Amino acid sequence: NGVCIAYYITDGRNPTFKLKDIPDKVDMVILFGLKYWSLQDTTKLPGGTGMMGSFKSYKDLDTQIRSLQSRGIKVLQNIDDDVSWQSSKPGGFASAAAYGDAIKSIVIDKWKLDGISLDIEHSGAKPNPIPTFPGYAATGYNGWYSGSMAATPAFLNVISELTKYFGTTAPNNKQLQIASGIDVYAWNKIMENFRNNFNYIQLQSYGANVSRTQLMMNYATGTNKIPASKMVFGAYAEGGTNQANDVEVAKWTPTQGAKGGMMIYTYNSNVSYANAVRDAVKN
Ligand SMILES: CC(=O)N[C@@H]1[C@@H](O)[C@H](O[C@@H]2O[C@H](CO[C@H]3O[C@H](CO)[C@@H](O)[C@H](O)[C@@H]3O[C@@H]3O[C@H](CO)[C@@H](O[C@@H]4O[C@H](CO)[C@H](O)[C@H](O)[C@H]4O)[C@H](O)[C@H]3NC(C)=O)[C@@H](O)[C@H](O[C@H]3O[C@H](CO)[C@@H](O)[C@H](O)[C@@H]3O[C@@H]3O[C@H](CO)[C@@H](O[C@@H]4O[C@H](CO)[C@H](O)[C@H](O)[C@H]4O)[C@H](O)[C@H]3NC(C)=O)[C@@H]2O)[C@@H](CO)O[C@H]1O
């Protein structure tokens, strides 16, 4: 019985399925697409358009969020890694501490959200040297996802500062999760440093079968030393074609022990698909 984490991309797709329509047996919802800078300054992106396409206005967004929380569903904000994380001015703030405070100020202080999930896969400087990727048998991936970036010290500082307000060691029960892949350059160093801070660690194993997820599990647990109970796999509902596999992964208990659960990308892309995955990981 794992967790069921639902991504709700706010780009207006499948509009009749409102954020508040997230069904029961869904533990958390991660607002996705919508950027934290829109939560920060609500006047820049008109409601009902772009990444606010899913809502009539910011008030509508705010109201639906509460609708989920009052039902006990945690609502997290997606935060994407960015090349500015590798600089001394992450997010254009003065330091990683400043960046961290800002995220805390916007996501928690202002929007009273339950935490954040880090989508780690964006471009930036590659590591140097680039290590030899272990390979498929060892990780479930063929090689590096060349479009990701190195977890340089500056990049690590950002996450470190964020762990002060989000995650297992932060106060006020705030979630800190990550959605990435063993193939992203920054993976290993992120886990060497913060695996224990993450409540859940999601692998974007879109389109995988149980065999491939197990391969990932072998590495995540054996080499990255991640507790099996934090591992969450990705159900690619957006694709609409891998449900049977997703359902199997959802029901599946890795050889290393009970996993954290499943995340669904995205629940609102195909509700029936998402419900099946939810049902599978829950029952
Ligand atoms: C966890 C995970 O799975 N990770 C990723 C997945 O995210 C990814 O799935 C796709 O995600 C896209 C969203 O990505 C953006 O948001 C996330 C979360 O914040 C970011 O991580 C990601 O990087 C994207 O954000 C980007 O941020 C950067 C900066 O932060 C922006 O760049 C800046 O831009 C400014 C300009 O202002 C300036 O130039 C700066 O210099 C520059 O840095 C960048 O703009 C921004 N990118 C975006 C997109 O905003 C989804 O969009 C994507 O969904 C589309 O594609 C999939 C294919 O996989 C389709 O299945 C799906 O149907 C969809 O198609 C689009 O659907 C929408 C839904 O409605 C349609 O919208 C309609 O559009 C109409 C006009 O065309 C009307 O407006 C209408 O009202 C509206 O509803 C749209 O028409 C469809 N068109 C497209 C694009 O096909 C998918 O979910 C996956 C797969 O790549 O990878 C995982 O690893």
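No hydrogens, no waters, no symmetry mates; every other heavy atom, side chains included, goes into these values. Both counts, for ligands and for their atoms, begin at 1 and track the order of listing. When a residue number appears, it is its place in the shown sequence, counting from 1.
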Q. Run the side-chain hydrogen bond (donor to acceptor under 3.5 Å, both in side chains) check on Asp80 and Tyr36 step by step: do they pass?
A. CA-CA 9 Å; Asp80 304 293; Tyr36 68 82; over 6 Å; no
Q | Intermediate values then yes/no, side-chain hydrogen bond (donor to acceptor under 3.5 Å, both in side chains), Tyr99 and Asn157 | A | CA-CA 10 Å; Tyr99 176 89; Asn157 293 338; over 6 Å; no
(Q) Main chain of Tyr58, side chain of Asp62: is a donor-acceptor contact present, judged purely on distance under 3.5 Å? (A) no
**Q.** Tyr7-ligand 1 polar pair, N/O distance under 3.5 Å
**A.** no
Q | Within the 6.0 Å centroid threshold, strictly below: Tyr206 and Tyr265 | A | yes
Q.
Does the protein place a non-hydrogen atom closer than 4.0 angstrom to atom 14 (O) of ligand 1?
A. no
Q: For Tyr206, counting its heavy atoms only, list the atoms of ligand 1 lying under 4.0 Å from any of them.
A: 1 (C), 2 (C), 3 (O)
Q. Between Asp119 and ligand 1, which part of the residue brings a heavy atom under 4.0 Å of the ligand: side chain, backbone, both or neither?
A. side chain
Q) Protein heavy atoms: any of them under 4.0 Å from atom 87 (N) of ligand 1? A) no
**Q.** Heavy-atom nearest neighbour in the protein, as seen from atom 51 (C) of ligand 1, with distance rounded to 0.1 Å
**A.** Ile9 CD1, 3.9 Å
**Q.** Protein heavy atom at shortest distance from atom 11 (O) of ligand 1
**A.** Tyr265 OH, 3.2 Å
Q: Classify the ring geometry between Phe17 and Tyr267 as parallel (under 30°), tilted (30 to 60°) or perpendicular (over 60°).
A: parallel
Q: Check if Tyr36 has a non-hydrogen atom at a distance under 4.0 Å from any atom of ligand 1.
A: no
Q.
Test of understanding: given a 4.0 Å heavy-atom threshold, classify the contact between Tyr236 and ligand 1 as side chain, backbone, both, or neither.
A. side chain
Q.
I'd like to know if the side chain of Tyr7 pairs up with that of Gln202 as donor and acceptor (distance under 3.5 Å, no hydrogens or angles considered).
A. yes
Q. Non-hydrogen atoms of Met51 versus ligand 1: any pair closer than 4.0 Å?
A. yes
Q: May I ask you to establish whether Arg212 and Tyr136 are in a cation-pi arrangement, using a distance under 6.0 Å from NZ or CZ to the six-membered ring centre and at most 45° from the ring axis?
A: no
Q. Does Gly53 reach ligand 1, in the sense of a heavy atom lying below 4.0 Å from it?
A. no
Q. Is there a donor-acceptor pair under 3.5 Å between the side chain of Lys74 and the backbone N or O of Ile30?
A. no
Q. Is the shortest side-chain N to carboxylate O distance from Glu161 to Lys104 below 4.0 Å?
A. no
Q) Looking only at heavy atoms, is any part of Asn78 under 4.0 Å from ligand 1, and if so is it the side chain, the backbone, or both, or is it neither? A) side chain
Q | Nearest-neighbour protein heavy atom for atom 27 (O) of ligand 1, which is reported as residue plus atom name and distance | A | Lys35 CE, 3.4 Å
Q) Between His122, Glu121, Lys44, which one has a non-hydrogen atom sitting closest to atom 5 (C) of ligand 1? A) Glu121
(Q) Between the side chains of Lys18 and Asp60, is the shortest nitrogen-to-carboxylate-oxygen separation below 4.0 Å, so that they form an ion pair? (A) no
Q.
Which heavy atom of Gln40 sits nearest to which heavy atom of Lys110, and what is that distance?
A. O-NZ, 2.7 Å
(Q) For atom 58 (C) of ligand 1, what's the nearest protein heavy-atom neighbour? Residue, atom name and distance, please. (A) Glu238 OE1, 4.2 Å
**Q.** Which residue and heavy atom of the protein sit nearest atom 97 (C) of ligand 1, plus the separation
**A.** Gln204 OE1, 3.0 Å
Q: Give the single entry among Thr10, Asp11, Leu34 that approaches atom 82 (C) of ligand 1 most closely by any heavy atom.
A: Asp11
Q. Has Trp37 got any heavy atom lying under 4.0 angstrom from an atom of ligand 1?
A. yes
Q | ligand 1 contact on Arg13 by region, counting heavy-atom pairs under 4.0 Å | A | both
Q.
Checking the side chain of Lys174 only, and the main-chain atoms of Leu76 only, is there a donor and an acceptor separated by less than 3.5 Å?
A. no
Q.
For atom 21 (O) of ligand 1, what is the closest protein heavy atom, and at what distance to 0.1 Å?
A. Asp80 OD1, 2.5 Å
